[PDB]
Amino acid sequence: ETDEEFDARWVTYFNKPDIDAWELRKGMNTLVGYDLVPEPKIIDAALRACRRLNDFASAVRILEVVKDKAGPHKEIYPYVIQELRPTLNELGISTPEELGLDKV
Amino acid sequence: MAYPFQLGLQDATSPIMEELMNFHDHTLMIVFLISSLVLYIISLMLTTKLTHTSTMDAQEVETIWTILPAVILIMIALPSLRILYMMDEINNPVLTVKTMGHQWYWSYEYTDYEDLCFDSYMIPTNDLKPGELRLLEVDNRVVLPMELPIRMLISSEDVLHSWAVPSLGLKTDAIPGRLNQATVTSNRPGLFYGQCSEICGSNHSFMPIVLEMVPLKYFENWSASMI
Amino acid sequence: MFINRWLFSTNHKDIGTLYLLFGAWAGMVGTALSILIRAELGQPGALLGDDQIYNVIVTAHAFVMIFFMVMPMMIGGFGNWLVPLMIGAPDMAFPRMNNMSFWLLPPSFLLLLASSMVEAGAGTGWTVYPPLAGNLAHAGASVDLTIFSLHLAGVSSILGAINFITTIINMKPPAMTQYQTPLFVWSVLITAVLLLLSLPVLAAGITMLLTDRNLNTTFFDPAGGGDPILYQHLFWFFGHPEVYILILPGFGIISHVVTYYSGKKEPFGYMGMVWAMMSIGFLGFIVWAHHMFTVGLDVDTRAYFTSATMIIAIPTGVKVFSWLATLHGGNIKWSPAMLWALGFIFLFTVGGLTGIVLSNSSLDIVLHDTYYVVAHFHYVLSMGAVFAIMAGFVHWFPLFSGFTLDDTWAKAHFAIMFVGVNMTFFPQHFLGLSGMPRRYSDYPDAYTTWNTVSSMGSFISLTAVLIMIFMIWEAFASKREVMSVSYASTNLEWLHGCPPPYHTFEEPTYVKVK
Amino acid sequence: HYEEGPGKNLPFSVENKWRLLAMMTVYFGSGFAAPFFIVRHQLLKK
Amino acid sequence: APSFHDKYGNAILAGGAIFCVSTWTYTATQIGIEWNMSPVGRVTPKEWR
Amino acid sequence: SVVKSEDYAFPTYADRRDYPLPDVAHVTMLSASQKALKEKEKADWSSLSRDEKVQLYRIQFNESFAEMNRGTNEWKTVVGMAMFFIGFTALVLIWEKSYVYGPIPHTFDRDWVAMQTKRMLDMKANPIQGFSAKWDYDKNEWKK
Amino acid sequence: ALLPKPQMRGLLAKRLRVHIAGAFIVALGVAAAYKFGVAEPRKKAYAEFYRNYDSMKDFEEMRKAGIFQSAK
Amino acid sequence: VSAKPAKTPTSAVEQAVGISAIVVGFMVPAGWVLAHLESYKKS
Amino acid sequence: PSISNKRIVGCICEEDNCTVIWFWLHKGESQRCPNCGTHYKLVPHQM
Ligand code: HEA
Ligand code: HEA
Ligand code: CUA
Ligand SMILES: [Cu+2]
Ligand SMILES: [Mg+2]
Ligand code: NA
Ligand SMILES: [Zn+2]
């Protein structure tokens, strides 16, 4: 199928104001199963949905599921974080490389 | 006639079983190709880093998945039937030899003309001539000629034996009440060995078959001077 | 109380636990028998003197670990432990008949041991080819006890198959159709169908053989109009369906293991898997004369049977391709059950492909009753169904008992078992290609070296089975219970807890209305 | 009512580890050592 | 936390590897069994009547 | 202390990258400092520092995804005790060769091997590729 | 400076495409390795053996020693 | 399957004597039979 | 309906599906099938 209506219904699903952590939880659990590193607009929608009911931890888990889905090549997440950066300095969220979650 | 660290087949004398070797090498190509393919897939896709656990499509790969093993099996089976329908051609039996599998030994009958039969026992280990073999020596050998299509008519008394020589590619089960016809052709003289390939009791490991094949002038000088 | 639980049992879980115990006992019995058989082929000698007792040992090995390890453990234990738990049924439809089948198994074991006990001995191979099994070459009471052991095992298997078919078809939730059950339930469906459509020919043939031995009939005596090839036809008409009995719940267990630890919610191509397994269960009955390409059949018959053998070869390839495509991009976790499953896939694949090499009648003319055949089926049975049953037991042992095995010890067991069974069964390819016949206590010198190598490999496998008892002792030396189970939603059997109580499904499952 | 739980759905005693080790080793050793006794009895008989 | 593996993996590679290679060259060479080696190349054949 | 018998029935914590956001929190009971932490979660985020972020992540869920999938070293111990037990099997071979087996057959003697090899080369045993294809019949020595 | 957009849809599909091409070429390489190693060397051994071959001289070469039971 | 830790611990020494007891109990009747067959052959 | 406060609920939540999603349902508020979105409420008043 095509990707535009796919991304449109996903950003429609996340941006609704009546979301809860269980609904976005199951949405992210069924979104992570695709053979696809998700585009940054999806990650904006997921981050705003996670912000709307006060969770740091799930947002950092969103950032590190963008991390481990990159595989051996690590040119994905610098582009991802340079597309995510305005949400990063308006939200106060932390990348997993900076609060000490990348390290063992 | 085996030798230590032998991995392949027993080397050829009959044209039927050297064509069996050609087909054996072709199916060894096939099993090497598909075993290396599944080995590469197993060592490949267990060594990935990415995940995909969606409800993927199903009915989009079955046409190749159905036709390609059929194509491989039909190129397997075409030489199979090609050589299978070549061991049963119009016989020209220069010689007919009967054998009948006695209780842990054999008997051989050459009675096309001037009736001749003998019973082949086993040489024991403590009675061995120096330089001979263990579990593969017989006092009364089976003498055949070369370059000739010869028939073996096999039978037995009570138990199911099996007349088998792998170097000539012959193996047929000796059954009571049923004589079986097996053709044989040899291109070299010599002594070619085989053993029982059906269980027959408390000495089943102790009957060998030995085929000494010689030219025909020694057949007049041998069968004329045996009885 | 003890007698009313473990002797008068009427629930499937306790009866299945008793199949685990009896199958483990028979597995160690046949393991010891294999230790003897490889024990004097390490060095060429008459360590047991005459090879009549060697044929007794080989026949005992074959019978105890075909009908007393793999069938009880696999069919009875895993069916009675899993089939009510996957489909949601509280019990089986006929529990007393299932208990009669289980309790019929140890008299069959006792009569097989007594058949080995009598001084003539039932040394006639796994196939019971007359009149070597007749009243002149085996004049004694031993092979009659072997026949009655086969009667008891066949009747127990038939009763179990009846109960399995009626509890899959009838004891199912109403709005669930036949194509929503897990694939192990389909495996035992076609398996129990093939038991019930194969074992009457075996029972008739061995009743015929008993009547030939004792009541002076001549079904298999050609002096009175009989033919031994009638027994060969009847026996292998039973036998290759019995072969696919021995392999098909292994396919079901392997499919569940592969789709479980890979993180797949659904195995790839479920309808394709179901079609392939019904295709195997439909084509298993028209292939049996591949065991008789050296008996003297007509050439058109042999051509038809090798063609049908390739037609039964294709759906197995469909199954192995669907396994490699249900591994597709999964979150693989290296539990030892995946190690057993990968060993299953590779070694069952190479054993089956050497079977395809043996399938063509022209090559099977020269490669009949040699160790190439032994290598083919010892691969397929002796480590395909074996690694399937250790994958199932290691996977479901928290469900069966409550405690867990050590992962390091189980992976070490996989390593020692892998090295042992590969060293045991690799060089006998070259032994069979060189022309070494089966059922031989002693061999010529040129077949020595590979024999010696394979024999010490068997000892390696012996060390493997020791670790088995040790690690299961380690479970009862640790009493370490479970936190929880992953992927619990897609499997009903894990969802009543580890271990499930005596009475599960007091109130049965609720189905989607649609 | 019947007793259900971890180790209570087994016929053998679970609570003592050393007698469990002794009973499992004699049970599996009897299973292992049965064909050796059979083959030595047919060696003694013939 | 230091687990069993973090140094005992190297410890059991060292011990088990040297023990296995020592006892297998002992059982391959030092006993005196007959392997029925191939008579190609190096051994000589002697004439028999 | 003892949890109720329906522990399997309750939704349980699980840590894997297939299921990265489990339905229940890792630490279900919250302490009073963690209650103040949760109301500080209810407030704004940009006025909150790194150490209570990392302790917040450690008390909400169990561990991070970067270090749960690290390379544990159990394969080393597995292969080590493996070859240890192949070594114990070799000791079993020592005992079972010393005590169980009798003498080898007399055909394994070197002179008998020499005469039977001469017999094999004399009657041209499989002389195309198998055994007698490495023996020159002119120089009467193996092929080099 | 600025990083461009990388590949982001279905890279495992491209990985399996280039790797099933690699699987096909290594299967053909294994088959051709067995071919060139064994098969036509075996047929070449048969061809070199049989064209310079006669049964009478070979028979005499075996029967100088007296292996045969039909010639003394 | 995630596992709770051991309610009864198991140190190295009881594991060692357990595997030693298992191997000697498995090998002493088998090695008793295979250690001598000249007596069983009535030779 | 129920007789206890806990029951098996299977969801064949989209038509012609392989797998039935099995989960325990408890007394109280209705929570859905964990992948599709079909609600399920238990009423323990059936003896
Ligand atoms: C579970 C046990 C099992 C299984 C699965 C099989 C499977 C097969 N068996 Fe076998 N067989 C036995 C157990 C088994 N067998 C036993 C026990 C005996 C001897 C009994 C005795 O001692 O008397 C025996 C004997 C036996 C013989 C007799 C040899 C002789 O005695 O002379 C033959 C020959 O036709 C044969 C053939 C086959 C074939 C063709 C298959 C096939 O089903 C194998 C297919 C498996 C595969 C894994 C296919 C691989 C395909 C792919 C990987 C996909 C790619 C393919 C293409 C591109 C074409 N079997
Ligand atoms: C179930 C089928 C099966 C299995 C597994 C095996 C397994 C083995 N077989 Fe068997 N074998 C046959 C069926 C089987 N065999 C048949 C049918 C014949 C032909 C009979 C005839 O001649 O007619 C035969 C013949 C046969 C011969 C022929 C003798 C000869 O030709 O002279 C030989 C010797 O090499 C042999 C060896 C072995 C070995 C070394 C193993 C090893 O794999 C043994 C190791 C296996 C295990 C250790 C199993 C694991 C068990 C446990 C872990 C305990 C159980 C407990 C739990 C599972 C919890 N087999
Ligand atoms: Cu004649 Cu076996
Ligand atoms: Cu068959
Ligand atoms: Mg046969
Ligand atoms: Na022996
Ligand atoms: Zn649903």
# chains A, B, ... in the order shown; residues from 1 in each chain; ligands from 1

call {"tool": "residues_near_ligand", "arguments": {"ligand": "ligand 3", "cutoff": "12 Å", "atoms": "only C-alpha atoms and all ligand atoms", "output": "PyMOL selection string"}}
result
(chain B and resi 100-107+120-122+155-164+172-175+194-209) or (chain C and resi 51-52+55+124-125+132+369+437-441)

call {"tool": "select_by_dssp", "arguments": {"residues": "chain E", "states": "helix (DSSP H, G or I)", "output": "ChimeraX atom specification"}}
result
/E:5-30

call {"tool": "residues_near_ligand", "arguments": {"ligand": "ligand 7", "cutoff": "12 Å", "atoms": "only C-alpha atoms and all ligand atoms", "output": "JSON list (two decimals) with C-alpha atoms, in the first residue's frame"}}
result
[["chain", "number", "residue", "atom", "x", "y", "z"],
["C", 489, "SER", "CA", -2.17, -14.27, 25.30],
["C", 490, "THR", "CA", -1.75, -16.39, 22.16],
["C", 511, "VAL", "CA", -15.97, -17.22, 22.32],
["C", 512, "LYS", "CA", -16.35, -14.12, 20.16],
["C", 513, "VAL", "CA", -19.96, -13.61, 19.07],
["C", 514, "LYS", "CA", -19.28, -12.30, 15.51],
["I", 9, "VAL", "CA", -12.33, -14.71, 27.21],
["I", 10, "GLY", "CA", -11.21, -15.56, 23.68],
["I", 11, "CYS", "CA", -11.42, -12.96, 20.93],
["I", 12, "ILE", "CA", -11.55, -13.98, 17.29],
["I", 13, "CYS", "CA", -11.71, -10.27, 16.79],
["I", 14, "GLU", "CA", -11.34, -10.05, 13.01],
["I", 15, "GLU", "CA", -13.09, -12.50, 10.73],
["I", 17, "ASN", "CA", -8.36, -15.38, 11.73],
["I", 18, "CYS", "CA", -5.84, -18.00, 12.82],
["I", 19, "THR", "CA", -5.29, -17.06, 16.43],
["I", 20, "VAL", "CA", -7.82, -16.54, 19.19],
["I", 21, "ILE", "CA", -6.61, -13.94, 21.67],
["I", 22, "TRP", "CA", -7.02, -15.57, 25.09],
["I", 23, "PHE", "CA", -7.07, -13.49, 28.25],
["I", 31, "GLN", "CA", -11.12, -3.93, 29.40],
["I", 32, "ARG", "CA", -10.66, -4.83, 25.76],
["I", 33, "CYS", "CA", -8.95, -7.49, 23.71],
["I", 34, "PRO", "CA", -5.30, -6.37, 23.83],
["I", 35, "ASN", "CA", -4.81, -5.99, 20.06],
["I", 36, "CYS", "CA", -8.16, -5.13, 18.44],
["I", 37, "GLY", "CA", -10.61, -3.18, 20.59],
["I", 38, "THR", "CA", -13.59, -5.38, 21.47],
["I", 39, "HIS", "CA", -14.80, -4.69, 25.00],
["I", 40, "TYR", "CA", -15.70, -7.43, 27.49]]

call {"tool": "residues_around", "arguments": {"residues": "residue 11 of chain H", "least_positions_apart": "4", "cutoff": "10 Å", "atoms": "only C-alpha atoms", "output": "count of residues only"}}
result
4

call {"tool": "atom_distance", "arguments": {"atom1": "atom CA of residue 425 of chain C", "atom2": "atom 49 (C, counted along the ligand's line) of ligand 2"}}
result
13.5 Å
